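Trainee: fold the following and give me the result.
(chains A and B, ligands or ions: 2)
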Amino acid sequence: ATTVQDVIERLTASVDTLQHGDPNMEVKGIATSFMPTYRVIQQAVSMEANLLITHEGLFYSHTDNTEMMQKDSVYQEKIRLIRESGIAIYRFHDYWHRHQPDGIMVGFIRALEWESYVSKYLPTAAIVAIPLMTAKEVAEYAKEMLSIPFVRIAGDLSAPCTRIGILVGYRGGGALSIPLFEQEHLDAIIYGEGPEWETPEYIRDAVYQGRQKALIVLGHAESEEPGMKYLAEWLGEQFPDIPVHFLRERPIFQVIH
Amino acid sequence: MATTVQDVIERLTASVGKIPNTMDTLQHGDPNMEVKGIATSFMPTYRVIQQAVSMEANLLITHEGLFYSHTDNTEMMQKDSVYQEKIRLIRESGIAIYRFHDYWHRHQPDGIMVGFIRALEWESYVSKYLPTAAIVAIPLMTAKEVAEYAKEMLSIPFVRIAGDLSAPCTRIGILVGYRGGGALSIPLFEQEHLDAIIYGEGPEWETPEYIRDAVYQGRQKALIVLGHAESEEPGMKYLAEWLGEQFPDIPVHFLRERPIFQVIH
Ligand SMILES: [Zn+2]
Ligand SMILES: [Zn+2]
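Mentor: Residues are numbered from 1 along each chain as shown, chains lettered A, B, ... in the order given. Ligands and ions are numbered 1, 2, ... in the order given. Please see the structure below:
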């Protein structure tokens, strides 16, 4: 007779709020996803999952924008679907990141089958030491393992890489990323999203100065969806009598080239 | 009478009142130096500075900061050889570097925005200039066609599109630079009844997800994301054209940079 709040308690004790729904509802199935899109909510209904665990918020902000969205028709139609669906939606974000090895990062490393190459887990990043690959080869490897349509790369595509730093989510900014390059003697960094005018411009200059360095930018959702698939596997083991599944979304962007 | 660096600064900041703790400052050089040449750029990259020196332009006017932040970092400027070698180049360059950002955006028509609209040859289609956006009413194109048009007119290798590539687009909002976030973009979509928005850069979890859901709900809307430099370089090219008019004896050149990213597909 596991309830919504029972699941939240197990998640909160492995180491973020119930955006909607009855915490005392009995859980009949669980979906996980990076983003609680309108279509993911419809898919949860079709799967008869009445608890959706997602990484991001419901209404396109990390802050509470409910008042600014009250007159918005997209918000109104989404809240109408949520009320009709009877689903509960829980945002699981900070806890998973703050675990000893960050669970989002662990999921990413596992998706790339790089468990055996991890040199160290840092609070904000992980470091891997791999057999030599060019930066373009690392970019192609990540694209293939993650099954994503495109990646972006700054700097030297031919840079020989044996030490790589990984930062998931919106962690590509210069304050987190730039110090790692010489502190951990990195050839390249992989990250999800960050300001275009910070770490990529550092790499542009470094390559201009002759350094063989590069930056592989995956996409924010692309960098964190392995963590949410990993979460569904963990939840399915924690609750073996409740069906639990990851829902993947389509890429947010298409490239016009 | 010759023209000095501070002379150019004053001509640039002339019609805009003083902005409190703006970082539109002189990053390096002597304000009383005479200007033999002027270069404009979006970003003061290592190569941009080398080219300005090589062209004997001794005043570089750029939109962004010198060390990979909107706030330069003395901590980690000390270590890291990349920062060090760039500082060494600047010092031995003997050129003046002035960051023209807020005052450019706060010109009566946003100078970055006017440069962008000129580069797309869309001045005839402007419906209004808002403080932090422009609205254009264009001959009907699909969203994909708008994206392809922007890519061709700006001479850039790729653009990205969220939403409905089939969306019939006539009313388009434009936000240059890092203004694509939902605080600015989402109100505009329903206040100004936009079919699409073109912007430089913004959080992937804000406006693109709004449009994803809009399209899931049956709306025919799209988002075209150009890149930060791609959205603001035309504004610095236009600044070079303007500055040459204002200082006719001084050679003025716009220094374009490479795309920051290559796409692997
Ligand atoms: Zn995250
Ligand atoms: Zn700008």
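
Trainee: in which helix or strand does the residue nearest the centre of chain A reside?
Mentor: In chain A, the centroid-proximal residue (C-alpha atoms, centre = their mean) is residue A:224; its distance is 1.3 Å. With secondary structure defined by DSSP states H and E, residue A:224 is part of helix A:220-238.

Trainee: for the helix or strand that that helix is followed by, packing partners?
Mentor: For helix A:220-238, the following helix or strand on the C-terminal side (DSSP H and E) is strand A:244-246. Contact here means 3 or more C-beta pairs under 8 Å, 6 or more residues apart in numbering or on different chains; DSSP states H and E; on that basis strand A:244-246 packs against strand A:30-33, helix A:220-238. Heads up, the C-betas are built off the backbone N, CA and C, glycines and all.

Trainee: for ligand 2, find the nearest of these.
Mentor: Taking C-beta to the ion, helix A:220-238 is the member of the helices and strands packed on strand A:244-246 nearest to ligand 2, at 22.2 Å.

Trainee: assign a three-state SS to whichever residue of the stretch 151-257 of chain A sits closest to ligand 1, would you?
Mentor: Among residues of the stretch 151-257 of chain A, the one nearest ligand 1 by C-beta to the ion turns out to be residue A:169. It sits 3.5 Å away. Under the three-state scheme (DSSP: H, G, I helix; E, B strand; the rest coil), residue A:169 adopts coil.

Trainee: number of residues surrounding it?
Mentor: Here the neighbour count serves as a burial measure; for residue A:169 (other C-beta atoms under 10 Å in any protein chain shown) it reads 24.

Trainee: hang on, it packs against residue A:176?
Mentor: No: Residue A:169 is not in contact with residue A:176 according to C-beta atoms under 8 Å; the separation is 10.3 Å.

Trainee: need the residues of the stretch 151-257 of chain A near chain B, please.
Mentor: A:151-154, A:157, A:170, A:174-175, A:178-179, A:181-182, A:193, A:195-202, A:204-206, A:208-209, A:211, A:217, A:219-221, A:249, A:252-257 (C-beta under 8 Å from any C-beta of the partner chain).

Trainee: quick check, residue A:132 in a strand?
Mentor: Yes: under three-state DSSP, residue A:132 falls within a strand.

Trainee: list the contacts for it?
Mentor: Counting by C-beta atoms under 8 Å, 6 or more residues apart in numbering or on different chains, residue A:132 touches A:160-162.

Trainee: let me have those in JSON lines, extended by neighbour count and secondary structure.
Mentor: As requested, these are arranged in JSON lines below (neighbours: other C-beta atoms under 10 Å in any protein chain shown; DSSP: H, G, I helix; E, B strand; the rest coil):
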{"residue": "A:160", "neighbour count": "13", "secondary structure": "strand"}
{"residue": "A:161", "neighbour count": "25", "secondary structure": "strand"}
{"residue": "A:162", "neighbour count": "15", "secondary structure": "strand"}
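
Trainee: closest to ligand 2 out of those?
Mentor: Ligand 2 lies nearest to residue A:161 out of the contacts of residue A:132, by C-beta to the ion, at 33.1 Å.

Trainee: quick check: the residue of chain A nearest ligand 2.
Mentor: The nearest approach of chain A to ligand 2 comes at residue A:197, 9.6 Å away (C-beta to the ion).

Trainee: got the end-to-end distance for stretch A:152-172?
Mentor: Stretch A:152-172 stretches 13 Å from its first residue to its last (C-alpha to C-alpha, to the nearest Å).

Trainee: that should have said stretch A:202-218, apologies.
Mentor: Its first and final residues considered, stretch A:202-218 spans 18 Å by C-alpha to C-alpha.

Trainee: buried residues, it. List them.
Mentor: A:202-209, A:211-218 (16 or more other C-beta atoms under 10 Å in any protein chain shown).

Trainee: doesn't residue A:119 belong to a helix?
Mentor: No: under three-state DSSP, residue A:119 sits outside any helix and is assigned strand.
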